[PDB]
Protein chains: 2
Amino acid sequence: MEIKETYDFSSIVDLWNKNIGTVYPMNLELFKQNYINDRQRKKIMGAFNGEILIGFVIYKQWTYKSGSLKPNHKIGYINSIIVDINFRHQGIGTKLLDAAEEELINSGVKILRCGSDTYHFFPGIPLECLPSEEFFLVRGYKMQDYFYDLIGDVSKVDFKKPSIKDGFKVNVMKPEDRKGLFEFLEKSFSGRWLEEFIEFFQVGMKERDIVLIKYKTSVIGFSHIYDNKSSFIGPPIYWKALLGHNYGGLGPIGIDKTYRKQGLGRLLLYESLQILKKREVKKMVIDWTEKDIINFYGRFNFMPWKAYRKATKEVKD
Amino acid sequence: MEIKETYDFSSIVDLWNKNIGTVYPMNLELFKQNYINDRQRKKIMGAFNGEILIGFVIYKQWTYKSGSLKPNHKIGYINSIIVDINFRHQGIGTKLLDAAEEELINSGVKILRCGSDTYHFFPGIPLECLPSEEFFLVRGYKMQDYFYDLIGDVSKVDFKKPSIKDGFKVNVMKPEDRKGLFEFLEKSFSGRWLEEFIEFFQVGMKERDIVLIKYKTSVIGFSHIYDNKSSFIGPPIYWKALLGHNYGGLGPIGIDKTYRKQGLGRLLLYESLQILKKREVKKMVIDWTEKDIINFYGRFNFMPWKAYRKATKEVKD
Ligand SMILES: CC(=O)SCCNC(=O)CCNC(=O)[C@H](O)C(C)(C)COP(=O)(O)OP(=O)(O)OC[C@H]1O[C@@H](n2cnc3c(N)ncnc32)[C@H](O)[C@@H]1OP(=O)(O)O
Ligand SMILES: CC(=O)SCCNC(=O)CCNC(=O)[C@H](O)C(C)(C)COP(=O)(O)OP(=O)(O)OC[C@H]1O[C@@H](n2cnc3c(N)ncnc32)[C@H](O)[C@@H]1OP(=O)(O)O
Ligand SMILES: O=S(=O)(O)CCCN1CCN(CCO)CC1
Ligand SMILES: O=S(=O)(O)CCCN1CCN(CCO)CC1
Ligand SMILES: N[C@@H]1[C@@H](O)[C@H](O)[C@@H](CO)O[C@H]1O
Ligand SMILES: N[C@@H]1[C@@H](O)[C@H](O)[C@@H](CO)O[C@H]1O
């Protein structure tokens with residue numbers, strides 16, 4: 001067996017689907033979008049028996065800015081790792097992660113994260129990969145708390161408009177709103193979400209995918225919505241193959257801190273879902289939520305669907 | 001609003017599907033099979049606004065034997081409880097569970113369980129209903145550990161026959177094997193699984209659904225398998241609407257304690273899956289597993305799919 005670099009995306013995707021495709025169905029469009037467009041220092045290492053790919057790991061170091069946040073070179077990420085089911089418990093996973101980690105470490109990484117990267121596939125260790133938690137524990141990763149993708153079928157329920165205080169208006173974004181949107185993001189959400197807006201606009205997100213809430217003329221919050229016409233495959237619709245026809249999604253969503261706890265998030269969410277419902281969306285996903293916020297979406301009939309465990313390894317000095 | 005009994009199964013099922021159907025799709029066939037055939041003292045209480053069903057609870061007391069186990073009247077079960085999404089946080093869930101619990105308590109229940117009943121729908125509180133854990137906590141239920149349904153697509157992987165010691169044979173059950181099977185169950189699995197065999201044979205399970213492992217002529221273990229021809233809807237295939245065409249399942253599975261840790265469970269599992277694979281099964285589920293056994297199935301590419309929390313309320317004396 002040999003470990004070396006591979007960018008044979010269709011062999012990777014094939015191996016991905018054979019092993020975990022039931023619950024994380026991958027397609028080449030999504031795989032290439034997320035790998036190729038990522039701006040971090042990144043690599044894919046494969047394990048090979050001659051010409052046959054039998055495992056891989058994808059890994060990154062934080063070298064490119066996230067909005068106003070500077071890149072912290074101390075942070076590295078394991079985007080994914082899979083060994084084929086017919087070659088398990090032969091040390092191949094260990095060799096792949098040893099190679100990833102040793103490279104990262106030499107390049108200055110002191111904190112290693114399971115998923116959560118830019119252009120991630122997973123916010124953390126998926127519950128469906130719960131047995132890998134022990135694999136990571138053996139290597140010195142510590143298990144932390146959970147995040148959740150939520151699912152709901154917006155075609156099946158009617159909701160009541162929350163009671164509208166005056167001056168506030170919710171509308172899909174127009175091209176001329178971009179200036180104001182970026183000023184709002186620089187003020188209120190100036191890290192990863194600011195950078196997603198920059199990147200996603202570069203890779204095919206359209207104004208129709210963004211909903212803005214304004215007080216008078218000022219942008220005070222946003223949501224990102226997705227349907228089967230979106231040109232960018234974003235995290236809510238990564239697993240669209242499980243969601244049937246007329247799939248959709250929502251996330252992220254935020255309100256300026258000085259306007260919180262007035263029912264304005266609930267209004268923005270209500271209006272965002274009506275837009276989707278009018279676009280004939282049925283099953284849709286709200287991705288990468290914390291436990292404490294689940295009930296905010298659950299009033300609109302969303303339920304937890306997938307769970308991911310955050311996990312972190314501190315490199316010893 | 002009024003709380004009273006209801007056996008209007010199609011209104012119940014409708015309400016079930018509107019609220020949680022995305023993740024627990026119900027059909028009337030399964031609903032009626034599991035409610036009507038249950039042998040425990042059982043009731044359904046609904047909440048009504050005039051003629052409109054707006055919530056329900058299904059509950060049971062352990063009054064009928066489980067194989068060699070005597071019924072313990074101290075144990076009661078909440079099979080399910082749902083309030084419609086447009087009537088939440090009005091105390092309706094509280095009123096429904098107060099009525100269930102007060103009845104049970106007067107009838108001698110001291111221990112109340114969330115799911116896990118005979119003809120259950122849930123082994124415990126589903127992860128998709130994680131926010132209800134707080135609802136149950138407020139009422140004095142304590143949260144315990146998790147069980148898991150596992151999923152795999154048996155059409156996508158080839159497995160190698162484990163190495164066969166002599167005298168042991170795995171074959172689908174024949175009618176004349178019933179005597180020996182029952183003797184084995186009375187010896188090794190004389191509780192719930194014995195009773196399931198008795199009941200399931202009464203409600204449509206066929207010999208083709210049971211695989212036996214024998215040493216010489218003696219039955220030393222079994223599995224239950226399911227495909228789209230089974231006449232009984234058992235727990236592995238409760239959620240067959242999520243599993244596509246050519247769905248199937250497996251569980252339970254057991255080996256006589258004196259033959260354990262010899263690779264015989266693995267052989268039985270291997271042979272059971274080959275039978276399914278030859279029956280052209282694709283996605284299939286292994287239901288209600290403990291954490292410690294997941295890897296036994298995971299060698300055959302099964303992954304956790306759904307998670308349920310055990311929860312128990314002790315009635316104060
Ligand atoms: C960020 C993310 O990518 S999260 C998702 C991770 N990937 C997956 O879950 C995909 C499915 N699983 C896999 O591909 C593989 O099981 C992997 C990658 C997790 C492990 O690969 P392998 O090559 O089998 O691991 P390796 O043989 O190196 O195992 C080394 C040790 O880790 C531990 N380990 C590995 N797998 C498991 C398991 N399923 N349960 C418990 N411990 C385990 C064991 O100590 C093992 O040593 P052992 O064989 O003596 O028992
Ligand atoms: C065995 C099983 O059946 S497990 C599955 C249980 N059912 C489900 O999860 C289905 C989906 N959910 C539902 O149907 C409902 O949310 C139920 C049945 C859980 C609760 O019904 P409701 O009528 O809304 O509950 P009720 O109004 O009585 O709530 C009473 C208290 O419980 C607690 N509670 C109820 N729901 C929640 C929640 N989502 N999060 C936190 N606490 C809650 C609160 O303290 C609440 O009081 P509050 O309104 O002052 O906050
Ligand atoms: O763009 S910002 O980085 O300033 C705001 C980031 C807000 N969220 C980042 C991702 N998590 C994930 C947990 O849901 C929550 C907060
Ligand atoms: O029939 S017996 O009751 O003797 C054997 C019961 C064995 N199992 C009952 C159900 N649990 C559920 C956890 O998987 C495991 C053991
Ligand atoms: N819920 C949002 C997601 O929608 C988003 O993909 C993720 C990463 O930016 O942040 C979360 O807080
Ligand atoms: N894994 C089995 C299931 O297949 C079965 O439905 C349940 C209840 O008998 O017992 C579990 O141990």
# chains A, B, ... in the order shown; residues from 1 in each chain; ligands from 1
>>> residues_around(residues="residue 78 (chain B)", least_positions_apart="5", cutoff="12 Å", atoms="only C-alpha atoms", output="ChimeraX atom specification")
/B:42-45,56-62,96-101,104,109,111-125,136,141,310-313
>>> write_last_selection(atoms="C-alpha atoms", output="PDB file, in the first residue's frame")
ATOM      1  CA  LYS B  42     -54.407   0.443  26.355  1.00  0.00           C
ATOM      2  CA  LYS B  43     -56.208   3.677  25.534  1.00  0.00           C
ATOM      3  CA  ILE B  44     -56.058   6.673  23.214  1.00  0.00           C
ATOM      4  CA  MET B  45     -57.006  10.073  24.586  1.00  0.00           C
ATOM      5  CA  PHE B  56     -53.526  12.782  21.289  1.00  0.00           C
ATOM      6  CA  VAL B  57     -51.718  10.422  23.632  1.00  0.00           C
ATOM      7  CA  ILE B  58     -51.544   6.626  23.485  1.00  0.00           C
ATOM      8  CA  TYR B  59     -50.773   4.783  26.679  1.00  0.00           C
ATOM      9  CA  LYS B  60     -50.585   1.297  28.123  1.00  0.00           C
ATOM     10  CA  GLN B  61     -50.152  -0.641  31.329  1.00  0.00           C
ATOM     11  CA  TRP B  62     -48.139  -3.901  31.430  1.00  0.00           C
ATOM     12  CA  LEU B  96     -53.211  14.870  27.891  1.00  0.00           C
ATOM     13  CA  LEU B  97     -50.298  13.441  29.919  1.00  0.00           C
ATOM     14  CA  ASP B  98     -51.920  14.360  33.230  1.00  0.00           C
ATOM     15  CA  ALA B  99     -54.958  12.320  32.165  1.00  0.00           C
ATOM     16  CA  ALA B 100     -52.848   9.361  31.005  1.00  0.00           C
ATOM     17  CA  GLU B 101     -50.631   9.362  34.027  1.00  0.00           C
ATOM     18  CA  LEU B 104     -52.190   4.639  35.087  1.00  0.00           C
ATOM     19  CA  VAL B 109     -48.372   2.133  37.887  1.00  0.00           C
ATOM     20  CA  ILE B 111     -42.813   3.475  36.730  1.00  0.00           C
ATOM     21  CA  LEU B 112     -43.666   5.366  33.549  1.00  0.00           C
ATOM     22  CA  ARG B 113     -41.676   4.728  30.304  1.00  0.00           C
ATOM     23  CA  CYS B 114     -41.340   6.817  27.142  1.00  0.00           C
ATOM     24  CA  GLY B 115     -41.928   4.330  24.337  1.00  0.00           C
ATOM     25  CA  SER B 116     -40.344   0.824  24.509  1.00  0.00           C
ATOM     26  CA  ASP B 117     -43.838  -0.722  24.816  1.00  0.00           C
ATOM     27  CA  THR B 118     -44.965  -3.867  23.041  1.00  0.00           C
ATOM     28  CA  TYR B 119     -45.980  -2.873  19.484  1.00  0.00           C
ATOM     29  CA  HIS B 120     -44.137   0.372  20.071  1.00  0.00           C
ATOM     30  CA  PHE B 121     -43.502   3.035  17.524  1.00  0.00           C
ATOM     31  CA  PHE B 122     -40.361   4.338  19.294  1.00  0.00           C
ATOM     32  CA  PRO B 123     -37.701   2.613  21.484  1.00  0.00           C
ATOM     33  CA  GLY B 124     -37.465   5.931  23.356  1.00  0.00           C
ATOM     34  CA  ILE B 125     -37.693   9.697  22.775  1.00  0.00           C
ATOM     35  CA  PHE B 136     -40.774  15.268  29.875  1.00  0.00           C
ATOM     36  CA  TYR B 141     -38.996  12.003  33.731  1.00  0.00           C
ATOM     37  CA  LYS B 310     -34.653   6.174  27.132  1.00  0.00           C
ATOM     38  CA  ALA B 311     -36.668   8.145  29.713  1.00  0.00           C
ATOM     39  CA  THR B 312     -38.409   7.039  32.938  1.00  0.00           C
ATOM     40  CA  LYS B 313     -40.536   8.806  35.561  1.00  0.00           C
TER      41      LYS B 313
END
>>> closest_atom_pairs(of="chain B", to="ligand 1", cutoff="12 Å", atoms="only C-alpha atoms and all ligand atoms", output="CSV")
residue,atom,partner,partner_atom_place_in_ligand_line,distance
B:291,CA,ligand 1,40 (N),10.3
B:292,CA,ligand 1,40 (N),9.4
B:293,CA,ligand 1,40 (N),10.2
B:294,CA,ligand 1,39 (N),8.4
B:295,CA,ligand 1,39 (N),5.8
B:296,CA,ligand 1,39 (N),9.2
B:297,CA,ligand 1,39 (N),10.2
B:298,CA,ligand 1,39 (N),7.3
B:299,CA,ligand 1,39 (N),8.3
B:300,CA,ligand 1,39 (N),11.5
B:301,CA,ligand 1,11 (C),8.6
B:302,CA,ligand 1,11 (C),9.9
B:303,CA,ligand 1,11 (C),8.5
B:304,CA,ligand 1,9 (O),10.5
>>> write_last_selection(atoms="N, CA and C atoms", output="compact mmCIF listing (two decimals), in the first residue's frame")
# COMPACT_ATOMS: atom_id res chain seq x y z
N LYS B 291 -25.41 1.00 21.87
CA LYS B 291 -24.12 1.50 21.40
C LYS B 291 -23.03 0.45 21.22
N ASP B 292 -22.90 -0.42 22.23
CA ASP B 292 -21.82 -1.42 22.31
C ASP B 292 -21.91 -2.46 21.22
N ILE B 293 -23.06 -2.61 20.56
CA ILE B 293 -23.19 -3.63 19.51
C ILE B 293 -23.11 -3.03 18.10
N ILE B 294 -22.96 -1.72 17.99
CA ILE B 294 -23.06 -1.08 16.67
C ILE B 294 -21.98 -1.61 15.71
N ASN B 295 -20.76 -1.79 16.24
CA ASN B 295 -19.64 -2.24 15.42
C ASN B 295 -19.82 -3.63 14.84
N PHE B 296 -20.60 -4.48 15.50
CA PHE B 296 -20.94 -5.83 15.01
C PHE B 296 -21.66 -5.73 13.66
N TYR B 297 -22.59 -4.78 13.57
CA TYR B 297 -23.29 -4.57 12.32
C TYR B 297 -22.45 -3.68 11.38
N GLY B 298 -21.67 -2.77 11.95
CA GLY B 298 -20.90 -1.81 11.14
C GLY B 298 -19.85 -2.46 10.25
N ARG B 299 -19.38 -3.67 10.61
CA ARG B 299 -18.47 -4.42 9.73
C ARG B 299 -19.15 -4.78 8.41
N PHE B 300 -20.48 -4.87 8.44
CA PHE B 300 -21.26 -5.06 7.24
C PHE B 300 -21.81 -3.80 6.63
N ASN B 301 -21.21 -2.65 6.97
CA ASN B 301 -21.48 -1.33 6.40
C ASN B 301 -22.71 -0.64 6.92
N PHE B 302 -23.31 -1.10 8.02
CA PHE B 302 -24.45 -0.43 8.64
C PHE B 302 -23.95 0.79 9.41
N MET B 303 -24.74 1.87 9.40
CA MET B 303 -24.45 3.08 10.12
C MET B 303 -25.65 3.48 10.96
N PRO B 304 -25.39 4.05 12.13
CA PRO B 304 -26.53 4.69 12.81
C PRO B 304 -27.29 5.67 11.97
>>> select_by_dssp(residues="region 185-269 of chain B", states="strand (DSSP E)", output="CSV table (one decimal) with C-alpha atoms, in the first residue's frame")
chain,number,residue,atom,x,y,z
B,210,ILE,CA,-36.8,-16.4,10.0
B,211,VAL,CA,-33.2,-17.7,9.6
B,212,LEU,CA,-31.9,-20.4,12.0
B,213,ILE,CA,-28.4,-21.5,12.9
B,214,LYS,CA,-28.2,-25.2,14.0
B,215,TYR,CA,-25.4,-27.3,15.4
B,218,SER,CA,-30.1,-28.4,17.5
B,219,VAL,CA,-31.3,-24.8,17.0
B,220,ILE,CA,-28.6,-22.6,18.5
B,221,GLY,CA,-29.7,-19.1,17.3
B,222,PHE,CA,-32.0,-17.1,15.0
B,223,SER,CA,-32.5,-13.9,13.1
B,224,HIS,CA,-35.7,-12.2,11.8
B,225,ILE,CA,-35.5,-10.7,8.3
B,226,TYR,CA,-37.9,-8.5,6.4
B,248,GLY,CA,-35.8,-4.6,4.0
B,249,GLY,CA,-34.6,-5.1,7.6
B,250,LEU,CA,-33.2,-7.3,10.2
B,251,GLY,CA,-33.9,-7.8,13.9
B,252,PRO,CA,-33.8,-9.3,16.3
B,253,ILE,CA,-30.8,-11.7,16.2
B,254,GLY,CA,-29.4,-14.0,18.9
B,255,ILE,CA,-27.1,-16.9,19.7
>>> interface_residues(of="chain A", to="chain B", cutoff="8 Å", atoms="only C-alpha atoms", output="list in words")
residues 18, 19, 22, 23, 85, 86, 127, 128, 129, 130, 131, 151, 152, 153, 156, 157, 159, 283, 294, 295, 299, 300, 301, 303, 304 and 305 of chain A
>>> write_last_selection(atoms="N, CA, C and O atoms", output="mmCIF file, in the first residue's frame")
data_model
loop_
_atom_site.group_PDB
_atom_site.id
_atom_site.type_symbol
_atom_site.label_atom_id
_atom_site.label_comp_id
_atom_site.auth_asym_id
_atom_site.auth_seq_id
_atom_site.Cartn_x
_atom_site.Cartn_y
_atom_site.Cartn_z
ATOM 1 N N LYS A 18 -20.112 4.529 -1.907
ATOM 2 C CA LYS A 18 -20.165 3.131 -1.585
ATOM 3 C C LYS A 18 -20.185 2.999 -0.055
ATOM 4 O O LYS A 18 -20.877 2.139 0.498
ATOM 5 N N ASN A 19 -19.439 3.855 0.635
ATOM 6 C CA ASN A 19 -19.248 3.698 2.065
ATOM 7 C C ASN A 19 -20.309 4.398 2.908
ATOM 8 O O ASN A 19 -20.853 3.795 3.829
ATOM 9 N N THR A 22 -25.671 6.224 1.635
ATOM 10 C CA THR A 22 -27.041 6.057 2.125
ATOM 11 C C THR A 22 -27.497 7.285 2.908
ATOM 12 O O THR A 22 -28.660 7.720 2.796
ATOM 13 N N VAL A 23 -26.562 7.850 3.689
ATOM 14 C CA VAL A 23 -26.895 8.923 4.594
ATOM 15 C C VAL A 23 -26.240 10.242 4.197
ATOM 16 O O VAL A 23 -26.731 11.282 4.605
ATOM 17 N N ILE A 85 -14.749 0.080 3.335
ATOM 18 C CA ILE A 85 -15.297 -0.942 4.254
ATOM 19 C C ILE A 85 -14.589 -2.316 4.221
ATOM 20 O O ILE A 85 -14.479 -2.944 5.269
ATOM 21 N N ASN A 86 -14.043 -2.703 3.069
ATOM 22 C CA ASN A 86 -13.291 -3.960 2.906
ATOM 23 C C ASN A 86 -11.809 -3.879 3.327
ATOM 24 O O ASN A 86 -11.084 -4.858 3.209
ATOM 25 N N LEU A 127 -23.387 11.915 13.510
ATOM 26 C CA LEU A 127 -23.917 10.792 14.317
ATOM 27 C C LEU A 127 -23.898 9.477 13.583
ATOM 28 O O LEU A 127 -23.649 8.440 14.186
ATOM 29 N N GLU A 128 -24.121 9.520 12.282
ATOM 30 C CA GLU A 128 -24.033 8.334 11.485
ATOM 31 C C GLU A 128 -22.619 7.744 11.491
ATOM 32 O O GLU A 128 -22.466 6.537 11.222
ATOM 33 N N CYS A 129 -21.621 8.592 11.792
ATOM 34 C CA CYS A 129 -20.227 8.152 12.028
ATOM 35 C C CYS A 129 -19.819 8.136 13.464
ATOM 36 O O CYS A 129 -18.635 8.234 13.806
ATOM 37 N N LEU A 130 -20.786 7.902 14.336
ATOM 38 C CA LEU A 130 -20.528 7.811 15.767
ATOM 39 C C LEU A 130 -19.378 6.833 16.128
ATOM 40 O O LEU A 130 -18.665 7.093 17.070
ATOM 41 N N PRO A 131 -19.261 5.694 15.439
ATOM 42 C CA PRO A 131 -18.166 4.801 15.850
ATOM 43 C C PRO A 131 -16.751 5.393 15.594
ATOM 44 O O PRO A 131 -15.791 4.990 16.261
ATOM 45 N N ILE A 151 -35.031 19.622 9.646
ATOM 46 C CA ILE A 151 -35.805 19.363 8.434
ATOM 47 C C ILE A 151 -37.287 19.630 8.714
ATOM 48 O O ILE A 151 -37.777 19.507 9.845
ATOM 49 N N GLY A 152 -37.972 20.062 7.666
ATOM 50 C CA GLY A 152 -39.415 20.351 7.745
ATOM 51 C C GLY A 152 -39.965 20.361 6.321
ATOM 52 O O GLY A 152 -39.209 20.528 5.361
ATOM 53 N N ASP A 153 -41.277 20.172 6.156
ATOM 54 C CA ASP A 153 -41.910 20.186 4.837
ATOM 55 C C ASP A 153 -42.863 21.387 4.907
ATOM 56 O O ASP A 153 -43.937 21.335 5.496
ATOM 57 N N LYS A 156 -46.751 21.582 4.125
ATOM 58 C CA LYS A 156 -47.774 20.891 4.941
ATOM 59 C C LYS A 156 -48.389 21.715 6.047
ATOM 60 O O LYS A 156 -49.250 21.193 6.752
ATOM 61 N N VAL A 157 -47.942 22.946 6.258
ATOM 62 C CA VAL A 157 -48.419 23.741 7.387
ATOM 63 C C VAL A 157 -48.673 25.189 6.966
ATOM 64 O O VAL A 157 -48.015 25.721 6.069
ATOM 65 N N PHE A 159 -48.854 29.026 8.407
ATOM 66 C CA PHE A 159 -48.527 29.809 9.571
ATOM 67 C C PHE A 159 -49.077 31.199 9.471
ATOM 68 O O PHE A 159 -49.456 31.694 8.413
ATOM 69 N N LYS A 283 -39.842 19.642 1.136
ATOM 70 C CA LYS A 283 -38.854 19.376 2.204
ATOM 71 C C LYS A 283 -37.694 20.334 2.089
ATOM 72 O O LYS A 283 -37.187 20.583 0.979
ATOM 73 N N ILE A 294 -32.997 25.655 18.566
ATOM 74 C CA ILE A 294 -33.839 24.713 17.809
ATOM 75 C C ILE A 294 -35.315 25.120 17.867
ATOM 76 O O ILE A 294 -36.049 25.044 16.860
ATOM 77 N N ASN A 295 -35.764 25.542 19.058
ATOM 78 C CA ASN A 295 -37.163 25.903 19.263
ATOM 79 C C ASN A 295 -37.615 27.088 18.431
ATOM 80 O O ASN A 295 -38.778 27.202 18.119
ATOM 81 N N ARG A 299 -41.031 26.179 16.068
ATOM 82 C CA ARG A 299 -42.368 26.800 16.009
ATOM 83 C C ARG A 299 -42.924 26.760 14.580
ATOM 84 O O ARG A 299 -44.140 26.765 14.350
ATOM 85 N N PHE A 300 -42.025 26.709 13.607
ATOM 86 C CA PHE A 300 -42.409 26.529 12.226
ATOM 87 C C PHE A 300 -42.355 25.105 11.723
ATOM 88 O O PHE A 300 -42.333 24.901 10.518
ATOM 89 N N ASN A 301 -42.389 24.139 12.653
ATOM 90 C CA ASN A 301 -42.484 22.706 12.410
ATOM 91 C C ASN A 301 -41.202 22.029 11.990
ATOM 92 O O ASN A 301 -41.268 20.938 11.478
ATOM 93 N N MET A 303 -37.758 19.976 12.660
ATOM 94 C CA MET A 303 -37.290 19.012 13.616
ATOM 95 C C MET A 303 -35.830 18.695 13.357
ATOM 96 O O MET A 303 -35.415 18.596 12.191
ATOM 97 N N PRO A 304 -35.077 18.446 14.424
ATOM 98 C CA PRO A 304 -33.751 17.864 14.160
ATOM 99 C C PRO A 304 -33.760 16.634 13.305
ATOM 100 O O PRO A 304 -34.598 15.754 13.522
ATOM 101 N N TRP A 305 -32.773 16.545 12.402
ATOM 102 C CA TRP A 305 -32.704 15.534 11.371
ATOM 103 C C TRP A 305 -31.342 14.797 11.459
ATOM 104 O O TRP A 305 -31.317 13.574 11.416
#
>>> residues_near_ligand(ligand="ligand 3", cutoff="9 Å", atoms="only C-alpha atoms and all ligand atoms", output="MDAnalysis selection string")
chainID A and resid 66:69 116 123 147:148 185:196 252 254 287:291 293
>>> select_by_dssp(residues="region 42-105 of chain B", states="alpha helix (DSSP H)", output="list in words")
residues 92, 93, 94, 95, 96, 97, 98, 99, 100, 101, 102, 103, 104 and 105 of chain B
>>> atom_distance(atom1="CA of residue 169 (chain B)", atom2="CA of residue 279 (chain B)")
19.9 Å
>>> residues_around(residues="residue 55 (chain A)", least_positions_apart="3", cutoff="8 Å", atoms="only C-alpha atoms", output="number ranges by chain")
A: 15, 46-48, 81-84, 92-93
>>> write_last_selection(atoms="N, CA and C atoms", output="PDB file, in the first residue's frame")
ATOM      1  N   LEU A  15     -15.951   6.090  -3.944  1.00  0.00           N
ATOM      2  CA  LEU A  15     -15.636   5.512  -2.675  1.00  0.00           C
ATOM      3  C   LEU A  15     -16.513   6.112  -1.564  1.00  0.00           C
ATOM      4  N   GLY A  46      -4.577  10.011  -0.552  1.00  0.00           N
ATOM      5  CA  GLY A  46      -5.235   8.736  -0.755  1.00  0.00           C
ATOM      6  C   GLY A  46      -4.306   7.617  -0.386  1.00  0.00           C
ATOM      7  N   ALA A  47      -4.916   6.491  -0.080  1.00  0.00           N
ATOM      8  CA  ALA A  47      -4.240   5.228   0.121  1.00  0.00           C
ATOM      9  C   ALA A  47      -4.592   4.369  -1.072  1.00  0.00           C
ATOM     10  N   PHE A  48      -3.577   3.690  -1.612  1.00  0.00           N
ATOM     11  CA  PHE A  48      -3.690   2.955  -2.846  1.00  0.00           C
ATOM     12  C   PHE A  48      -3.100   1.549  -2.700  1.00  0.00           C
ATOM     13  N   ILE A  81     -12.539  12.031   6.221  1.00  0.00           N
ATOM     14  CA  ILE A  81     -11.683  10.858   6.090  1.00  0.00           C
ATOM     15  C   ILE A  81     -12.525   9.610   5.959  1.00  0.00           C
ATOM     16  N   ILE A  82     -12.287   8.785   4.939  1.00  0.00           N
ATOM     17  CA  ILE A  82     -12.969   7.529   4.798  1.00  0.00           C
ATOM     18  C   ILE A  82     -11.952   6.463   4.321  1.00  0.00           C
ATOM     19  N   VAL A  83     -11.992   5.302   4.979  1.00  0.00           N
ATOM     20  CA  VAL A  83     -11.414   4.051   4.489  1.00  0.00           C
ATOM     21  C   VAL A  83     -12.482   3.128   3.991  1.00  0.00           C
ATOM     22  N   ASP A  84     -12.229   2.495   2.850  1.00  0.00           N
ATOM     23  CA  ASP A  84     -13.221   1.575   2.284  1.00  0.00           C
ATOM     24  C   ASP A  84     -13.482   0.450   3.281  1.00  0.00           C
ATOM     25  N   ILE A  92      -5.044   1.766   8.096  1.00  0.00           N
ATOM     26  CA  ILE A  92      -4.949   2.684   6.972  1.00  0.00           C
ATOM     27  C   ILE A  92      -5.415   4.083   7.413  1.00  0.00           C
ATOM     28  N   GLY A  93      -6.471   4.138   8.225  1.00  0.00           N
ATOM     29  CA  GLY A  93      -6.960   5.414   8.741  1.00  0.00           C
ATOM     30  C   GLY A  93      -5.909   6.124   9.562  1.00  0.00           C
TER      31      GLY A  93
END
>>> residues_around(residues="residue 161 (chain A)", least_positions_apart="4", cutoff="10 Å", atoms="only C-alpha atoms", output="CSV table (one decimal) with C-alpha atoms, in the first residue's frame")
chain,number,residue,atom,x,y,z
A,266,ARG,CA,-39.4,35.5,13.8
A,267,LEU,CA,-40.9,37.9,11.2
A,270,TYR,CA,-41.9,33.7,8.6
A,271,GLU,CA,-41.4,35.8,5.5
A,274,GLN,CA,-43.5,32.2,2.7
>>> residues_around(residues="residue 174 (chain A)", least_positions_apart="5", cutoff="12 Å", atoms="only C-alpha atoms", output="MDAnalysis selection string")
chainID A and resid 179:181 206:212
